[PDB]
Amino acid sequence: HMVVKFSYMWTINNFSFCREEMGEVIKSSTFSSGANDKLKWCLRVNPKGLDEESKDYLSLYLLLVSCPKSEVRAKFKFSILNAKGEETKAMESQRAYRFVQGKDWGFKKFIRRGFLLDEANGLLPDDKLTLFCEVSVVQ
């Protein structure tokens, strides 16, 4: 089946200053395809994981904030833009997932904190975490 494909670049400034504890969430602004499909999406990150078993990781999800019909099927890909402006450390759905309004899908163990937070690895230029999300909605 064909798709409508779109993207959002989320810059989280002053990332080293995040005070989020395990289970606390930051949501992005809402975004859409611009195809007037009435779908609104956002990203959400847990800097210290969804739960105790994931507290060593950032957990990253795509949330369907509002939709007109009962269900949407969509593939998704998340990557980090490094200091050289290139995509790295990407994770992508192996198939389309079924979203309804208020449902998310993503990666509970998206990136290990001990790796991300070491500035020498080039993922927090200017103390900014920049995430790039591509969404493909199945038509």
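The first residue of the sequence shown is number 1, and the count goes up from there.
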Higher-B stretch (mean Cα B-factor, as the entry records it), 97 to 105 or 110 to 118: 97 to 105
Segment of higher mean CA temperature factor, 28 to 36 or 71 to 79: 28 to 36
C-alpha B-factor winner, where the candidates are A90, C42, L60, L50: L50
Ranked C-alpha temperature factor of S7 among modelled chain residues, by third: lowest
